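To keep things clear, I will list the structure first and then write my remarks on it.
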Number of protein chains: 2
Amino acid sequence: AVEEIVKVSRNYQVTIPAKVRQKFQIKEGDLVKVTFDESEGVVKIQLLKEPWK
Amino acid sequence: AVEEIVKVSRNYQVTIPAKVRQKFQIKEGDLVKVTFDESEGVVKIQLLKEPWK
C-alpha cells in the first residue's frame with residue numbers, strides 16, 4: 001500500500017497532495033462518500049456514479 | 001458505522017463537515033497519516049502523537 005504524512009494547521013481541513021490523487025480517482029464534480037468505523041478508528045472515502053435529479 | 005455525502009467542486013479538496021469531526025479526533029496541529037489500499041479502493045486516515053525535532 002502507499003502512505004503519506006500531513007499536518008493540520010489552517011482550518012481543520014485537508015487538500016490531499018498530488019501523490020494520493022495520482023493513485024485514487026477523485027474527479028471534480030463527482031459524488032464522494034465518507035464513513036467512520038467503530039473498530040479501526042479511521043475515515044474511509046470512495047467514489048461512485050453521479051445522480052442528476 | 002456512520003456515513004456522509006459530499007461533492008468535489010472547488011479545488012480537488014475536502015473540509016469534512018462537523019458531524020465527522022465530532023466522531024473522529026482531528027486536532028489543529030497534529031500529525032495525521034493517510035494511506036491508499038490496493039484492495040478496498042478507499043483512503044484511510046488516522047492520528048498519532050506529535051514529534052518536535
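Just so we're on the same page: first chain in the C-alpha cells is A, next is B, and so on; residues restart at 1 for each chain, and ligands are numbered from 1 in the order they show up.
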
Just need chain A moved onto chain B: least-squares over all Cα atoms matched in order, then output as a PDB file with C-alpha atoms, in the first residue's frame.
ATOM      1  CA  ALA A   1     -20.878   2.958  11.493  1.00  0.00           C
ATOM      2  CA  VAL A   2     -21.627   6.492  10.210  1.00  0.00           C
ATOM      3  CA  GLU A   3     -21.756   7.849   6.625  1.00  0.00           C
ATOM      4  CA  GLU A   4     -21.953  11.304   4.987  1.00  0.00           C
ATOM      5  CA  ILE A   5     -22.286  12.705   1.435  1.00  0.00           C
ATOM      6  CA  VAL A   6     -20.059  15.371  -0.187  1.00  0.00           C
ATOM      7  CA  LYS A   7     -19.210  16.661  -3.700  1.00  0.00           C
ATOM      8  CA  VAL A   8     -15.928  17.934  -5.216  1.00  0.00           C
ATOM      9  CA  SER A   9     -16.328  21.335  -6.933  1.00  0.00           C
ATOM     10  CA  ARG A  10     -13.726  23.821  -5.627  1.00  0.00           C
ATOM     11  CA  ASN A  11     -10.093  22.709  -5.998  1.00  0.00           C
ATOM     12  CA  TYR A  12      -9.863  18.901  -5.525  1.00  0.00           C
ATOM     13  CA  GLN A  13     -10.082  19.068  -1.704  1.00  0.00           C
ATOM     14  CA  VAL A  14     -12.377  18.378   1.271  1.00  0.00           C
ATOM     15  CA  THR A  15     -13.034  20.161   4.599  1.00  0.00           C
ATOM     16  CA  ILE A  16     -15.079  17.407   6.384  1.00  0.00           C
ATOM     17  CA  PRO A  17     -18.363  18.734   7.881  1.00  0.00           C
ATOM     18  CA  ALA A  18     -18.888  18.962  11.674  1.00  0.00           C
ATOM     19  CA  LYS A  19     -20.583  15.536  12.134  1.00  0.00           C
ATOM     20  CA  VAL A  20     -17.471  13.578  11.029  1.00  0.00           C
ATOM     21  CA  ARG A  21     -15.180  15.868  13.073  1.00  0.00           C
ATOM     22  CA  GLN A  22     -17.482  15.154  16.052  1.00  0.00           C
ATOM     23  CA  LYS A  23     -16.815  11.389  15.876  1.00  0.00           C
ATOM     24  CA  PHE A  24     -13.145  11.378  14.743  1.00  0.00           C
ATOM     25  CA  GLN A  25     -10.499  13.359  16.683  1.00  0.00           C
ATOM     26  CA  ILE A  26      -8.792  15.704  14.153  1.00  0.00           C
ATOM     27  CA  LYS A  27      -6.782  18.197  16.268  1.00  0.00           C
ATOM     28  CA  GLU A  28      -5.336  21.502  14.957  1.00  0.00           C
ATOM     29  CA  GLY A  29      -1.545  20.986  14.945  1.00  0.00           C
ATOM     30  CA  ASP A  30      -1.472  17.164  14.972  1.00  0.00           C
ATOM     31  CA  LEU A  31       0.222  14.560  12.744  1.00  0.00           C
ATOM     32  CA  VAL A  32      -2.401  12.867  10.533  1.00  0.00           C
ATOM     33  CA  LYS A  33      -1.476   9.834   8.391  1.00  0.00           C
ATOM     34  CA  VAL A  34      -3.142   8.806   5.097  1.00  0.00           C
ATOM     35  CA  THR A  35      -2.682   5.510   3.191  1.00  0.00           C
ATOM     36  CA  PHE A  36      -4.102   4.097  -0.074  1.00  0.00           C
ATOM     37  CA  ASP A  37      -5.079   0.386  -0.107  1.00  0.00           C
ATOM     38  CA  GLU A  38      -4.901  -1.861  -3.207  1.00  0.00           C
ATOM     39  CA  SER A  39      -7.985  -3.932  -2.276  1.00  0.00           C
ATOM     40  CA  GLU A  40     -10.870  -1.785  -0.956  1.00  0.00           C
ATOM     41  CA  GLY A  41     -10.001   1.235  -3.150  1.00  0.00           C
ATOM     42  CA  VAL A  42     -10.549   3.772  -0.341  1.00  0.00           C
ATOM     43  CA  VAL A  43      -8.304   6.218   1.580  1.00  0.00           C
ATOM     44  CA  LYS A  44      -7.852   5.592   5.331  1.00  0.00           C
ATOM     45  CA  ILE A  45      -6.722   8.426   7.661  1.00  0.00           C
ATOM     46  CA  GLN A  46      -5.848   8.352  11.390  1.00  0.00           C
ATOM     47  CA  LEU A  47      -3.993  10.388  14.065  1.00  0.00           C
ATOM     48  CA  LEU A  48      -0.922   9.925  16.332  1.00  0.00           C
ATOM     49  CA  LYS A  49       1.352  11.725  18.854  1.00  0.00           C
ATOM     50  CA  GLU A  50       3.498  14.687  17.685  1.00  0.00           C
ATOM     51  CA  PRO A  51       7.291  14.796  17.217  1.00  0.00           C
ATOM     52  CA  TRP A  52       9.051  18.163  17.708  1.00  0.00           C
ATOM     53  CA  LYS A  53      12.645  17.639  16.463  1.00  0.00           C
TER      54      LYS A  53
END

**OP:** Please run DSSP on the backbone and report, as a list in words, all residues within chain A that come out as strand (DSSP E or B).
**Re:** residues 2, 3, 4, 5, 6, 7, 14, 31, 32, 33, 34, 35, 36, 43, 44, 45, 46, 47 and 48 of chain A

Those residues with N, CA, C and O atoms, as a PDB file, in the first residue's frame please?
ATOM      1  N   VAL A   2       0.266   2.415  -0.020  1.00  0.00           N
ATOM      2  CA  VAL A   2       1.054   3.686  -0.021  1.00  0.00           C
ATOM      3  C   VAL A   2       0.719   4.504   1.231  1.00  0.00           C
ATOM      4  O   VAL A   2      -0.336   4.347   1.814  1.00  0.00           O
ATOM      5  N   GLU A   3       1.610   5.371   1.647  1.00  0.00           N
ATOM      6  CA  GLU A   3       1.344   6.194   2.866  1.00  0.00           C
ATOM      7  C   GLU A   3       1.957   7.590   2.718  1.00  0.00           C
ATOM      8  O   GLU A   3       2.986   7.764   2.094  1.00  0.00           O
ATOM      9  N   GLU A   4       1.321   8.581   3.290  1.00  0.00           N
ATOM     10  CA  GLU A   4       1.847   9.975   3.197  1.00  0.00           C
ATOM     11  C   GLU A   4       1.717  10.673   4.554  1.00  0.00           C
ATOM     12  O   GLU A   4       1.003  10.216   5.428  1.00  0.00           O
ATOM     13  N   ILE A   5       2.410  11.769   4.735  1.00  0.00           N
ATOM     14  CA  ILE A   5       2.343  12.497   6.040  1.00  0.00           C
ATOM     15  C   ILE A   5       1.799  13.916   5.836  1.00  0.00           C
ATOM     16  O   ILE A   5       2.166  14.604   4.902  1.00  0.00           O
ATOM     17  N   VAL A   6       0.933  14.357   6.714  1.00  0.00           N
ATOM     18  CA  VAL A   6       0.365  15.735   6.593  1.00  0.00           C
ATOM     19  C   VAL A   6       0.118  16.318   7.991  1.00  0.00           C
ATOM     20  O   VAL A   6       0.133  15.607   8.977  1.00  0.00           O
ATOM     21  N   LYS A   7      -0.096  17.607   8.084  1.00  0.00           N
ATOM     22  CA  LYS A   7      -0.326  18.235   9.421  1.00  0.00           C
ATOM     23  C   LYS A   7      -1.474  19.248   9.347  1.00  0.00           C
ATOM     24  O   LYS A   7      -1.581  20.010   8.406  1.00  0.00           O
ATOM     25  N   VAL A  14      -8.206  19.296   4.773  1.00  0.00           N
ATOM     26  CA  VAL A  14      -7.064  18.659   4.057  1.00  0.00           C
ATOM     27  C   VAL A  14      -7.263  18.794   2.546  1.00  0.00           C
ATOM     28  O   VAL A  14      -8.376  18.764   2.054  1.00  0.00           O
ATOM     29  N   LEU A  31     -19.498  12.361  -6.899  1.00  0.00           N
ATOM     30  CA  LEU A  31     -20.093  12.116  -5.555  1.00  0.00           C
ATOM     31  C   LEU A  31     -19.151  11.262  -4.706  1.00  0.00           C
ATOM     32  O   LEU A  31     -19.000  10.075  -4.932  1.00  0.00           O
ATOM     33  N   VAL A  32     -18.520  11.860  -3.729  1.00  0.00           N
ATOM     34  CA  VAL A  32     -17.588  11.094  -2.850  1.00  0.00           C
ATOM     35  C   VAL A  32     -18.303  10.710  -1.554  1.00  0.00           C
ATOM     36  O   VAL A  32     -19.077  11.479  -1.013  1.00  0.00           O
ATOM     37  N   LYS A  33     -18.057   9.526  -1.058  1.00  0.00           N
ATOM     38  CA  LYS A  33     -18.728   9.086   0.201  1.00  0.00           C
ATOM     39  C   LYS A  33     -17.701   8.924   1.322  1.00  0.00           C
ATOM     40  O   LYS A  33     -16.600   8.463   1.096  1.00  0.00           O
ATOM     41  N   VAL A  34     -18.059   9.287   2.527  1.00  0.00           N
ATOM     42  CA  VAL A  34     -17.106   9.143   3.672  1.00  0.00           C
ATOM     43  C   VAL A  34     -17.809   8.455   4.848  1.00  0.00           C
ATOM     44  O   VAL A  34     -18.927   8.793   5.190  1.00  0.00           O
ATOM     45  N   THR A  35     -17.168   7.488   5.459  1.00  0.00           N
ATOM     46  CA  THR A  35     -17.808   6.770   6.602  1.00  0.00           C
ATOM     47  C   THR A  35     -16.833   6.609   7.772  1.00  0.00           C
ATOM     48  O   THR A  35     -15.647   6.416   7.583  1.00  0.00           O
ATOM     49  N   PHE A  36     -17.338   6.657   8.979  1.00  0.00           N
ATOM     50  CA  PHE A  36     -16.463   6.475  10.177  1.00  0.00           C
ATOM     51  C   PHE A  36     -16.691   5.064  10.739  1.00  0.00           C
ATOM     52  O   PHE A  36     -17.818   4.641  10.928  1.00  0.00           O
ATOM     53  N   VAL A  43     -11.028   7.133   8.888  1.00  0.00           N
ATOM     54  CA  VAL A  43     -12.125   7.534   7.952  1.00  0.00           C
ATOM     55  C   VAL A  43     -11.859   6.937   6.568  1.00  0.00           C
ATOM     56  O   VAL A  43     -10.767   7.046   6.034  1.00  0.00           O
ATOM     57  N   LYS A  44     -12.848   6.300   5.995  1.00  0.00           N
ATOM     58  CA  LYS A  44     -12.679   5.676   4.649  1.00  0.00           C
ATOM     59  C   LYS A  44     -13.488   6.443   3.599  1.00  0.00           C
ATOM     60  O   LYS A  44     -14.675   6.657   3.760  1.00  0.00           O
ATOM     61  N   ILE A  45     -12.860   6.852   2.522  1.00  0.00           N
ATOM     62  CA  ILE A  45     -13.605   7.599   1.459  1.00  0.00           C
ATOM     63  C   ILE A  45     -13.504   6.879   0.111  1.00  0.00           C
ATOM     64  O   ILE A  45     -12.506   6.252  -0.198  1.00  0.00           O
ATOM     65  N   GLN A  46     -14.538   6.969  -0.686  1.00  0.00           N
ATOM     66  CA  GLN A  46     -14.534   6.298  -2.022  1.00  0.00           C
ATOM     67  C   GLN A  46     -15.273   7.163  -3.051  1.00  0.00           C
ATOM     68  O   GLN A  46     -15.595   8.307  -2.794  1.00  0.00           O
ATOM     69  N   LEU A  47     -15.540   6.625  -4.217  1.00  0.00           N
ATOM     70  CA  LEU A  47     -16.253   7.416  -5.269  1.00  0.00           C
ATOM     71  C   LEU A  47     -17.365   6.572  -5.909  1.00  0.00           C
ATOM     72  O   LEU A  47     -17.406   5.365  -5.756  1.00  0.00           O
ATOM     73  N   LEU A  48     -18.267   7.200  -6.626  1.00  0.00           N
ATOM     74  CA  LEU A  48     -19.383   6.442  -7.279  1.00  0.00           C
ATOM     75  C   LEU A  48     -19.945   7.238  -8.464  1.00  0.00           C
ATOM     76  O   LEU A  48     -19.489   8.326  -8.759  1.00  0.00           O
TER      77      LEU A  48
END

Select from chain B everything DSSP, run on the backbone, classes as alpha helix (DSSP H), then give the selection as a PDB file with C-alpha atoms, in the first residue's frame.
ATOM      1  CA  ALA B  18     -18.887  18.963  11.675  1.00  0.00           C
ATOM      2  CA  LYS B  19     -20.581  15.536  12.134  1.00  0.00           C
ATOM      3  CA  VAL B  20     -17.470  13.575  11.030  1.00  0.00           C
ATOM      4  CA  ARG B  21     -15.180  15.866  13.075  1.00  0.00           C
ATOM      5  CA  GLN B  22     -17.484  15.155  16.052  1.00  0.00           C
ATOM      6  CA  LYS B  23     -16.815  11.390  15.876  1.00  0.00           C
TER       7      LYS B  23
END
